[PDB]
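To start, the structure itself, in structure tokens.
Order of writing sets the labels: A, B, C, D, E, F, G, H, I, J, K and L. Residues in every chain begin at 1.
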Amino acid sequence: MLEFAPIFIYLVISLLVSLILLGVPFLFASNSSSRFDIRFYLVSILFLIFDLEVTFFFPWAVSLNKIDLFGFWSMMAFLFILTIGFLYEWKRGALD
Amino acid sequence: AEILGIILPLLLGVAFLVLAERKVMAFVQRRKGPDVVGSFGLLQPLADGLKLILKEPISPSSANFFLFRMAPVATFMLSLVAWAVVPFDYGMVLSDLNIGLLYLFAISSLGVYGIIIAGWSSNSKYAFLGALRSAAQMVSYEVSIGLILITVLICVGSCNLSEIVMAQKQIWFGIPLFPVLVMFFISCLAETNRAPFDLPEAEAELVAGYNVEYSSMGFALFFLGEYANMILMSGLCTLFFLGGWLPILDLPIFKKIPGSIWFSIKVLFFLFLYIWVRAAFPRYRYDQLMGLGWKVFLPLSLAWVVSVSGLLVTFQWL
Amino acid sequence: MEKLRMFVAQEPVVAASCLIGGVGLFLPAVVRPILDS
Amino acid sequence: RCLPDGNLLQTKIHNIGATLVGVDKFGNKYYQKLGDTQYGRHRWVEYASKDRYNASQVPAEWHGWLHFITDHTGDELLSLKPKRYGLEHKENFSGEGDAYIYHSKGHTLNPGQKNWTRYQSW
Amino acid sequence: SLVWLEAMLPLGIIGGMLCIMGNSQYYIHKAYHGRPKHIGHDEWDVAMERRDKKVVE
Amino acid sequence: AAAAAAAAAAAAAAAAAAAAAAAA
Amino acid sequence: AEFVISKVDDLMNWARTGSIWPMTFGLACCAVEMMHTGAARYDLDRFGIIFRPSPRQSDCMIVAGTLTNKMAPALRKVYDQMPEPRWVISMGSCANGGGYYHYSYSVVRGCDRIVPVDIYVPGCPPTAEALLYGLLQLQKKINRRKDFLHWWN
Amino acid sequence: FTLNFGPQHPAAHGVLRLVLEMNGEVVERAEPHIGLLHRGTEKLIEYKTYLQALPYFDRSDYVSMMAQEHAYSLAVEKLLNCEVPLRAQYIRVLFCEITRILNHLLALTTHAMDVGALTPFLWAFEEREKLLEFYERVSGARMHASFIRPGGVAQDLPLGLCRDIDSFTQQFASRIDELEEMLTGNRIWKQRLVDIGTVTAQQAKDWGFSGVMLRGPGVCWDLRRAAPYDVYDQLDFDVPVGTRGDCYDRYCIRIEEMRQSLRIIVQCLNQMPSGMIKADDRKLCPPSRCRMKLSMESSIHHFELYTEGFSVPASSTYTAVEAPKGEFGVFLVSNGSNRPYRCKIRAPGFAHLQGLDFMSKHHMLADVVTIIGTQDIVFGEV
Amino acid sequence: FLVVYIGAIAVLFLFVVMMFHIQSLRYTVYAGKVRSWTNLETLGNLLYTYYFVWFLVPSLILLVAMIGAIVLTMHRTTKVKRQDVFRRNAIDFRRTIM
Amino acid sequence: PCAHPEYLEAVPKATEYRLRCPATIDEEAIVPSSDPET
Amino acid sequence: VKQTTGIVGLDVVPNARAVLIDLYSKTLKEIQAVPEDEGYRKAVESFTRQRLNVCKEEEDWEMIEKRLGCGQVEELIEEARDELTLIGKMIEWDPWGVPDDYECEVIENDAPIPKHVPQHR
Amino acid sequence: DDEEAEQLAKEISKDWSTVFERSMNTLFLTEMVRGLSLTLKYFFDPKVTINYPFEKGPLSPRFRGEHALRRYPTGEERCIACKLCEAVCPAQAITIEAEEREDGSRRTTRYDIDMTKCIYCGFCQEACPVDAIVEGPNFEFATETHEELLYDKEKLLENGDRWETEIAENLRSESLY
């Protein structure tokens, strides 16, 4: 965590920088010169699911020497279930 | 603090990237780009800027100042804060996060907010649906970038970007996983809009596709944001896959091997590739584009996580 | 098989994903137990 | 030189191999770099007014040679310009103040605004 | 032909800006602290830094 | 939407001139 | 003294003369000649001119071709949404003055009837260089602005 | 749901003012709005002589200039019975065909710039600025070369123009290849064009397409093979005819029609007879400057042909040539007087842009600019 | 939390708003610090090998979420009803019965 | 590896093209007006 | 055996000869409803009889095309069906017979046409 | 039919080591790398551009630009007021009023070409009997104000005396046509 303080102050100093970039144009230049697209909910829920499964990929990615060939196959079962879901979405036709 | 030493040079980088794109994409078209303003158009970015700054507003409208006058600020602050964890040379990252990569993923997940908000505050149904389409694209090629990073992560030990660029001393992940670099580049092209993938950025539909109250500052900040997001997403194709700051390691007598110069050379290669690939290829229409992020770069990314996980589990290369 | 070739022609990226992925679900399936020596 | 603020630098990046073919009265140095390459870029003019230059400062004696319409340098058409009615160039003073700009004969800015009424009033 | 150098120049002065992004936040941090930044700075190293600043009294 | 999607499959490129190549 | 004002006007004018992005109302052929003036040979991206596809952010508006009596309201509505330091260039005879169609019922007798014009590129099909020289005259019109000296009266 | 889809990129499609009635992203009907470029051409020509009428034609289609002067000239020779020489015919075709190239070089890569490919535009426009070195050299004006006069052609080629057109034709197969290697193979192109705006032949006939949009559908119909109106019956060239009708066939045709036009240019160059430039009938062709000054009877004709005109006899004909856009025909009723009488100009783009309604039904909104691309819609003719 | 909440879930909620408006003394033990386990590594040492069934069951829950978002919000926009309007000629009266 | 089968070697940059500028009358054209029989 | 008509939309018909025989028999039967002393009925009868004859004699579509030189049998079917439409239309708003006055002005001019103008081939 | 057309157009490429060729030319984007390679070849080739104010595009002596009323070598405006160009003008730009000057030889009291109402077609250069009106290759006369663009009666078209050195050249080289 100790290295999070530089980005913690980064957010605020970039806020300052963008506020200056905002105020620069404001100062100069004085007086004289479809009901609903549900596919955007399907795409959104599907990104939600696939980013959940990437969230599950991350620890399995960084710790794969520890889980020798059993964590790998458990993740491949999780991934085969992901693939069954993704093939049901491809065939049903949510990717359009 | 020293955040100035990473935002000001990045501001100059974006301002000169507008010129680098115009000039390279012009050289491609057998024509010199901006060439009168500066010695070689080198002052042309300052001219574009100082013009946009001196342009009187079309309507003051300083009343609505908390809604969409800080949304471009948010987009730009995110595009600039994702630069902290990006390491330019050994021990030159501003903040070495031991989960650096996931932090970049989160910064993208907040850039989604940036786009959606800055499009919703534009009370234009066409422009708002365009911003929503652009957000859905930026977020649909984020599962593919996610899985590509899971590949380059399986190859590496940890998410620490300095480690991902230190894990390539033997060979860049561009050589074995070249098919992945092509998918990360073709996704970073599509995550950002500036690409063969920019129907929401079709020349006209872009300007009328982000906001209604321009005042110039909004126009510049979106383009400064798009060009920083581009320098960033090109500074990722060069940490992960190309050797972040690593030479070819031949150890020449002519070359004293500076690190940040190698990182610069590689991010220049990927920026030039952004430009070249904007010049030479037609747009994808956003209806084949979304059908390329799901039906093409997700299956070919999932396969790669299973291929680079398998081939590294069987032979204990992990 | 004729339909297999019709599927690896019409859809190259889901037929070269179920084969760039077989090499990953196939290497630890058989190539790893082979590596008992 | 000393102009890194113009495309005049592109012309001065030319002239490196170019030969100077004549120079008109105004000082515009007319250059030619043929043989090397890039047809259409083998005849230009260095305006001798490194700032405040613009097109149409090239006199008629050279405005032929410089647009590739002819092959007669202005030092050759100067023996053909008519002496009796010959007039020097005027740089196209468009906008640079009145009495330099051109005016019709009723513009009320032209000294001697003529009246067009065909009938001669009484 | 070296005609592409004119179009290389903006990429150079955008590469000369990432070199500055990298070396500024290095030589600024190399100034506040007499030593370069440590990338793999796990908790073992913060503990050793604590005990080290406590050993020099 | 049931609108006819633009299927990007077709027959392969074969330059089709008119019958008047040699002798009208 | 006044010298600082003179140099700040030189700077503002250098900006507005270096990057002058026109909303190219390319109606008709003078838009094809304008496309040649934007093409490889006579670069307009050299002089900073970037053809904007939207009236929202554009320093200029190179109206070309025959302004029809029906495209007059659209041209006016586009001109009304350019940021104030705007200029208009009339390119071609039909756009600057009545032209070949001066006496046509449906053709306005020059865009000078709809938008206030600042440089009329002459010649009915102006040479691409002629439109380019019209823009290099608009650059002069900028270099004669000195808006700061006038803001100080 | 109505959307006022206007000119996406101005300066390319100038006054395009469609009013799309959409369905989400699928277009249900496209209603083009015409008149924004409706100059009084079909009225102004009734008020001027047959010579003063000619400059309007180069201003009818602004990307393929001389084809319309060639369609008008052939409508004031259909009446005049004004036999033009062989050299006038060969020059007239060598420039109608250079104009076919000047148009396809624009209407391909302006289309390819609307689709998104930015570089083919600028390469093709360097090529077009090479061909305007021929227009501008043979007549005077780079675009509107009022050069193909009624009797014959305005004035002979300069003494170095065939050599330069040859030195251009040698290097033009490569430019077409580059425009082709950059767009034909691309999967981002095919995808953007295959099965886009498919026109069954019955539809291309019904809606009077008669152009490169009538040879997409496969109707072998070129008015240079159907109604040979010049040396075309002597010149050899194959009319490329599509097999599907989609906007990818019309592109492949326009990129082959740009090679057969190269064949026709090379033929017109290699066989150009040294004959008179204008019809010998000096009451339809103003005599040269040298003759009218030296001959009193030529001076009288130079006076009554640059003031009075021809006074072509009373008739009414529809002369249609194969302009690059399509079958550009000028229906020229002629009262006996020296001024035409309802010189109606059938211009493709008035029949093509009709096709936009049914071509772009159920196509996505981003396709409505591809359709407008392959129709070669130039609003001067509409 | 950032990603799967304020880049996905409150993105969902923002969509539901925009459209469909509602109206000293420590004793640090220097052992176990020699190899500091980043949080991802010490979640992966467990979730995929030891408690892996509580990880294959959230797999099934994400699959059920996919199937659910499909069967719910397909909205008759694909084969759910885009099969055809469906018609049969022999039973059809064809003007025999109105 | 591209569209260069020793035929793109016909390149666009000519560098020797319109070698005789137009308004230079090296040869005086004749441009017959009427056929000799007329 | 025919792969495809080059024309788009005119789909290749395998049973070309059979539907052609059907259409020409329908045409011969339907044309009987127009008066006999009308040029339209003489024309329809004559060319429909010729094409029906050549379609009955020959067997392959290629031989139908070769002898009956009228393009492709798919376009021939289009022509025959359009002719049936016209005969079923002509029955209605019957235009047959010349009226009493019938002032028809053959303005038959014959201007010589230069032939470097289009005309047609 | 499109269903069968698809089935057959995909059963045409259905033999191994052809499905492989098409798969490796749609996966390792190979059609597109020939686009990038050509684009690079043009990125490095010389540029067909022209730094305008210093060098200008090629023209021809027949080029039609700014109209100029010529003069006879010995002064005396060449423009006898026949009004043939006023007649031939398609846009009716030229307004000519004539008066027997005191010398007795006809001349134009008013010879005003309206350049804005002018199509630059060169009809006036052809129609004029004595070559009195010709188009000078100027083409660079963009005016800040429209009233200047209306070329006055025989005073600004009399600036062709400056352009005579080029107009006489173009006429001496074009008169052969």
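Please note the rule applied: contacts are C-beta pairs under 8 Å (C-beta built on N, C-alpha and C of every residue); 3 or more make two chains touch, one makes a residue touch a chain.
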item	value
Shared chain contacts [chain A and chain E, defined touch]	B, I
Which of B-H and A-C has more C-beta pairs touching across its chains	B-H
CA centroid of chain E to CA centroid of chain K, Å	87
CA centroid of chain H to CA centroid of chain K, Å	34
Length of the line joining the C-alpha centres of chain C and chain G, rounded to whole Å	62
Chain I and chain L, separation of their C-alpha mean positions in angstrom	64
Of all residues in chain K, the ones touching two or more other chains	6
Per-residue multi-chain contacts in chain E, two or more chains	3-4, 7, 41-42
Where chain B touches two or more other chains at once, by residue number	1, 3, 24, 26-33, 35-37, 40-43, 52, 54-57, 94, 96, 98, 102, 105, 109, 139, 158-159, 179, 203-204, 216, 279-281, 287-288, 295, 299, 302, 305-306, 309-310, 313
In the complex, chain J residues that touch chain H	2-3, 7-8, 10-12, 14, 17-18, 20, 22, 26-27, 29, 31-35, 38
Complex contacts: residues of chain B adjacent to chain E	1-3, 5-6, 9-10, 12-13, 16-17, 19-20, 23-24, 26-27, 32-33, 35, 40-42, 83, 87-94, 96, 98, 160, 162-163, 166, 231, 235, 258-261, 263-265, 267-268, 271-272
Touch list for chain H against partner chain J, complex	126-127, 130, 133, 137, 155-156, 158-160, 164, 167, 170-171, 173-175, 177-178, 180-181, 274-278, 280, 287-288, 291
Residues of chain I that touch chain E when the two form their complex	28, 30, 33-34, 36
Chain L partner contacts - residues on chain H that touch it in the complex	48, 51-53, 55-56, 59, 119, 123, 126, 129, 133, 136-141, 144, 146, 155-156, 158, 178, 181-182, 185-188, 286, 288-290, 292-293, 299, 302-303, 306-307
